[PDB]
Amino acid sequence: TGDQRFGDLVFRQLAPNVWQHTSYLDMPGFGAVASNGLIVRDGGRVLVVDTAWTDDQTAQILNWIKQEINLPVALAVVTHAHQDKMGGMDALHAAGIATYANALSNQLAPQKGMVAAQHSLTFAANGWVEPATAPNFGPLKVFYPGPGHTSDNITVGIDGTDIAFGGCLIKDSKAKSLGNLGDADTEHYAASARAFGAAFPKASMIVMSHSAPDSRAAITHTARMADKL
């Protein structure tokens, strides 16, 4: 499917069954902020990681899925309670899609003027999602690395691929900053970035919220910036 413009979004194929979705927030005076999530074809169903910034943009994701894949969307997982990741929850719910987030994300969501997911994930002491809370996730491997970008940030690996999703936790290997630290846990950030690397040690493609996918150098670089906080 390549790189493709569809509506106001960009879709980029990462692997035979994995695509990155990109949507943009206009901040009047400063132009457009990209946010990336994922689309996974898991057999005869589709799995979404993160919404777009808005309901309309998130409906465009669903329309692209219908046009390009023509398989039903079984579920979505959202990686923390900010607008770039949970802005479009209502569009998923209107389409009848089961939604999942960290229990703490669902507690924070309404306080940040957003809609909670339907289901709450909980995590073992080692950071892996408790399987009873993540029924039928298939290849999606969900990990809580500890607080960093936010207290609630979660991360996802895709079994059967070399791909892991750091979302807003991880920055690219040439980044000059850690991005948006408005809600960050600066004391815990470095260890949480390293914990994400340790959870997905065979990943060679690191997908993140506001940069193109990178090597494992993204993880090291992120942790080293966070060591200076």
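Throughout, we count residues from 1 along the sequence that is shown.
Of the two segments, 30 to 38 and 51 to 59, the one listed with the higher mean B-factor is 30 to 38 (C-alpha atoms only).
Looking at 146 to 154 and 103 to 111 together, the entry lists the larger mean B-factor for 103 to 111, computed on C-alpha atoms. Between the residues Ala74, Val77, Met86, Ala91, it is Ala91 that shows the highest Cα B-factor in the PDB record. The PDB entry assigns the greatest CA B-factor among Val18, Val10, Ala217, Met208 to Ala217. In the PDB entry, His82 places in the lowest third of its chain by CA B-factor. The entry lists a Cα temperature factor for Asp183 that places it in the lowest third of the chain's modelled residues. In this PDB entry, the Cα temperature factor of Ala195 sits in the middle third of its chain's modelled residues. Ranked against the other modelled residues of its chain, the C-alpha B-factor of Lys66 as given in the entry falls in the lowest third. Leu169: CA B factor lies in the lowest third for its chain, per the PDB record.
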